[PDB]
Every structure is written in structure tokens, then in C-alpha cells.
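This report concerns only the one structure given below.
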Amino acid sequence: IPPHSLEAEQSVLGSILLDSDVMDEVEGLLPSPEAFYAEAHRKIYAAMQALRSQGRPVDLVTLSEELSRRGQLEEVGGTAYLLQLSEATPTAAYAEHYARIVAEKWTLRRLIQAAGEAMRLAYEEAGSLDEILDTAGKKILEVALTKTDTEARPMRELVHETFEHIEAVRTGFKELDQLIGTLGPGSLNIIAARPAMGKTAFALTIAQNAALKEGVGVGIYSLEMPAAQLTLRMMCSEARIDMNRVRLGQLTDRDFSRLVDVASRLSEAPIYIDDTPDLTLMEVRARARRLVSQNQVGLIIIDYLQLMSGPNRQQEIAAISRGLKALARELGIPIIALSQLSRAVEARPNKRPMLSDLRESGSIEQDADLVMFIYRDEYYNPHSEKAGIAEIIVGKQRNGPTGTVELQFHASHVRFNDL
């Protein structure tokens, strides 16, 4: 008994016949013929597009020519139906309006199908519970995130959307951003370093710059430390208070209000932290979808990869990174995954990481769009003069070349600042 609007479909086709220039507008809201419920209208529309795909004016004459060629001129109702579409509407000025109706009715049908797909998957019982729930959620979430079902999208549709976007997440580090640009939609980004190098501190800075400055929602999978503590660290770091040394009864009335103010700014940030300790890939996916749909979220951080479970430790990690790459794509947002490195990195004179070091943790390099390492000279040389300086080595990216960019690191309250 599927939702549709025969009148709106007719008005759309009819108003295109009255003025083929509305086709611009209409194709925006109705990119794919599948939007049309009536088999007939779907054939008509597909032919009207091909006529634009050939650049020849779409009217009552050329449409019959194109249809009868393919053969459906009678299927669609003859040129008499075509005639009726013309007169059944007095203007072309409302094209957009009727298209919005047709577009919306389709989404409902699209949802009906996705839901029915989930329902059919549960009955079958083929595949583990995790796999069922994963596909069920992917289908449903696709209805809201993808504009069509079309397997291969036409360039015209694609160009329209990219151009629409260029008439209108960043790391926040001005010099790094120059080198790598933004962390693109649907990308896996990897921050890898030896433990205690400051990946988390680094990641949380990005999280704050994105959420507080750019105003983009950011979800954190804090697999290692509990949410409560991660929150204390952000407050205390910002407010310049070493919570590990300084006790409560040792706070000045001044710097106390100071962290209440730092706590005020943080409290308004759209940062969501999930600290469930031992998540599988499937679980992270399932949670991500719930998070992303309940909240405006443009960034996800996994801290850190090696603490995730499997359903060979290299192969589990490689299956995880692959699944995260997929997730990023499915949601159209960047995902940061933090990664630990082997002691292997340290068994050589030049103790700084390089892309090669990653093949030790499986085929992870292949699925990461960006790879950034963190090296500090203080880590392997208590004396050595590069104290306050930390270096971020872009091992792999697509917006520019490789390169080491340097930032300030104050070990005191564990922060990263521009140079």
C-alpha cells in the first residue's frame, strides 16, 4: 500500500513539459527515476533525463521520439497521456514544490524497504547476531545519509552537488592544516606513536578545536581511561592545574573558580565520550550509528586501536582498521584512530617512526588516508636541547607531500600549541 502522490508526479512531469528549464531544479530534488512510484512515470522521467544527457530540449515532441525508440510510448499511456500531463498543470513556476512531495514520498518507501530488509535478515538467522544488527542498522541509516540507491552515480548529479558545496573538520594547528588541509569526510586518519608520546593529548586538542571552535560534534571512544578522568584532564590541562600533584585542599580560591570557568566552556562543547572498555569492531559500529543519529557528529576518535577486541593479532587489527575505514565511508565523516607502536621502532639509532613501521600491525597503511606520527626528542634524550618541541611526521596523506611539522609541548599540563 506504499506512500506516493500520483498528482505530484504528474505535476512534475507536466511542468517539465511546459518549461524544460525547470529540469535543473527538479533533477536536484529528483536525481533518480526510481523516485517515481508509477512504472510509467519512471520510464518517462528516465527518457527526459537522457534527453538532457544529450542536451536536446525536453518537450512533448522529443520525448515521444525518445520513448517510442526505447519502445514504451504505449506503455506510458501514448502521446495522449503526454498531452494530459501538459494541460493538467497551468504553470512551471511550482516545479520545485511538486518535486519535494515526490522526493519525500520516496524516502518513506525507501525506509519501508530498508526496514523490511532488516526484518527479513532477522528471520533468516544466517550470520551472527552482530552481523545481522550491523547490516540492519547500515540499511536504515543509509536512508537518511544517501540521496539515492543508484549503484553508479552520474557525473551530472555529482558535479551538481560538489559545486553546490563550493559556493558555500580541521586539526586547529594552523601550520599542520596548511600541510594536510582538513580531515576529509569518510576518511580513516591514524595517529601512531610509542606509548606516553602524547597521542591522546594531541587527539583531545583536535577534539576541542573542532567542537569549541568550529562547532562540530565529536564522539570519543575512550577505551583506556574512564570518561570521568578524561574530563578531569581536559579541565585541569586547560586551567593549568596538575591534578596529579595538586590536591583539592591545596587549590587557591582563584584557580578554583578558574577551573569552574574552564569547566563552563567545556560543558557547552558537543563532545560525547563513550568509555566502554573492550569494544569489538561491530560494537563500535553499532554505537557509532546510534551516536551519529542522536547527535550532530562530524568526528569520531578511537583511543586506542590495540585495546579493541576481535570476534593473527595483526590480522584482527587489520580487520578492525578495514572496518573503521568502511564505517568512516558509511557515515561520511573523518575517523581518527590512535595506534601504539612496537619497541621495534626503538631498536635503531634514528628512533622516530616512518610508514614502514606500520606493516608490523598488518595491512593498516593501505586503508588509512592520513598517517601522522608523533616523535619527541625528550623521550629518548633527557638532556638533548629540543625540549619544548614535538614533531608530527606526516607519513602519508592525499592533499600534499610528506613532511615533519613541529609544535610546542609543555610536559607540565600536557598540551600542544602552535609554534
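Below are the figures for this structure:
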{"read-out": "Label-point separation in nm, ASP278 to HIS413, each point 7 Å along Cα→Cβ", "value": "3.7"}
{"read-out": "Whole-Hz ³J(HN,Hα) from phi, Karplus 6.51 cos²θ - 1.76 cosθ + 1.60, for the range 136-143, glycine and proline x", "value": "3, x, 5, 4, 5, 5, 4, 5"}
{"read-out": "Assigned charges on the beta-carbon of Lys, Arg, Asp, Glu; the range 229-359 dipole about Cα centre (debye)", "value": "480"}
{"read-out": "Principal axis box of the range 250-402, alpha-carbon based, largest edge first, Å", "value": "50, 48, 32"}
{"read-out": "Charge-dipole axis of the chain as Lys and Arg at +1 and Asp and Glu at -1 on Cβ define it, positive-most pick from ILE16, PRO57, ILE336", "value": "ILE336"}
{"read-out": "Ranking of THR182, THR89 by count of other Cβ atoms within 10 Å, fewest first", "value": "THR182, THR89"}
{"read-out": "Per-residue Cβ neighbour rank within 10 angstrom, fewest leading, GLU34, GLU330", "value": "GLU34, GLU330"}
{"read-out": "Percent antiparallel among DSSP beta bridges (both partners in the chain, rounded to 5)", "value": "40"}
{"read-out": "Size of electric dipole in the range 327-419: Cβ of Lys, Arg +1 and of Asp, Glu -1, about Cα centre, debye, nearest 20", "value": "100"}
{"read-out": "Theoretical ellipticity at 222 nm over the chain - DSSP helices of four or more residues, -39500 (n - 2.57) apiece, nearest 500", "value": "-14500 deg cm²/dmol"}
{"read-out": "The chain: translational diffusion in µm²/s, Stokes-Einstein, Kirkwood Rh over Cα pairs, 37 °C, 0.692 mPa s", "value": "131"}
{"read-out": "Shape of the range 256-295, Cα gyration tensor, a/c cut at 1.5", "value": "oblate"}
{"read-out": "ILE16, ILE1 arranged by Cβ crowding within 10 Å, fewest neighbours leading", "value": "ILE1, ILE16"}
{"read-out": "Residue among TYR81, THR146, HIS165 farthest towards the positive dipole end of the range 1-167, charges placed on Cβ", "value": "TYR81"}
{"read-out": "Total charge dipole magnitude, the chain, about the Cα centre, Cβ charges on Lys, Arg, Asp, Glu only, Debye to nearest 20", "value": "1540"}
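Neighbour counts are summed over all protein chains in view; Cβ atoms, including those assigned to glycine, are modelled from backbone coordinates with ideal geometry. Values in this text are rule-based calculations from the coordinates and carry no lab data.
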